[PDB]
């Protein structure tokens, strides 16, 4: 049972950090990430893409001056490893930011083309960029934030939340104190929203999540995003936040749109950068940044 701030406590600091977000870094990383034929978790393709992604995280770390920050693989029974990047803070209360790094072509999983641009390359470059900007803060890079922050890049999500299943089950066993988890899975597709004349917005998934955290998540989107929220259900174990919920951890899920307006190109060769709106991905970078900062600096957690 975990409770959160009623309202944002570091508006000025987060707003200044938001100005450091470089919209060009999304496509820079997303373009080569989507060039792997697929990132199938059972496949050597997914192994190679995981290693490539780990290198890109490491470059952000090496370039940051943050002496204590690490990135490590998390082996699974399949070739594609998950990746956990740790920003250690004063306490062991941990804030997790999630995306999944695999992709699938449901008609030909082993060999089919799956650029996975929106599902879920968009969430990977979203939280990778918020991670980079987070380390430009002196106290965060110094390990003086009240709480620990981790960024997770889950292997094997398209096989049934396989990587996050492994990770959170093991966190549960080793008594890891995960006070808040935010999953981001598809953050780029807005053409379904705008084609219907709906205002572009941040989807907020309301099932398989924690109510208090989802409430705080909306608080974060109102302070730090310049678009509204819309509440949606998806009606099943949508994404990796369901693995966190399964082990009693408070989780939330921010989405590109209302669930019925999301990308129809996922799980096929047609999930391409063409379908991705990076100005919307930038909005998810702002809420990721703000969520991570406000909770890293929440003493009452």
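Residue numbers count along the first chain shown, from 1.
Participant: Mean CA temperature factor from the deposited coordinates, higher in 224 to 232 or in 95 to 103?
Facilitator: On average, C-alpha B-factors are higher across 224 to 232.
Participant: So 275 to 283 or 14 to 22, which one's hotter by mean CA B-factor in the entry?
Facilitator: Looking at the record's C-alpha B-factors, the answer is 14 to 22.
Participant: Would you mind finding, among 211, 157, 150, 166, the residue with the largest C-alpha temperature factor in the entry?
Facilitator: Spelled out: the listed residue with the top C-alpha B-factor is 211.
Participant: Which of these has the highest Cα B-factor in the record: 112, 116, 188, 79?
Facilitator: Top of the list by C-alpha B-factor: 112.
Participant: Looking at the temperature factor on the CA atom of residue 264, which third of the chain's modelled residues does it land in?
Facilitator: According to the entry, residue 264 has a C-alpha B-factor in the chain's middle third.
Participant: Mind checking which third residue 255 falls in for C-alpha B-factor across the chain?
Facilitator: Highest third of the chain for residue 255's C-alpha B-factor.
Participant: By the record's CA B-factor, is residue 49 among the lowest, middle or highest third of residues in the chain?
Facilitator: Ranked within chain, residue 49 CA B lands in the lowest tercile.
Participant: So where's residue 237 on the chain's Cα temperature factor ranking, which third?
Facilitator: According to the entry, residue 237 has a C-alpha B-factor in the chain's highest third.
Participant: Just say lowest, middle or highest third for the CA B-factor of residue 65 relative to the other modelled residues in its chain.
Facilitator: It belongs to the highest third of the chain when residues are ordered by C-alpha B-factor.
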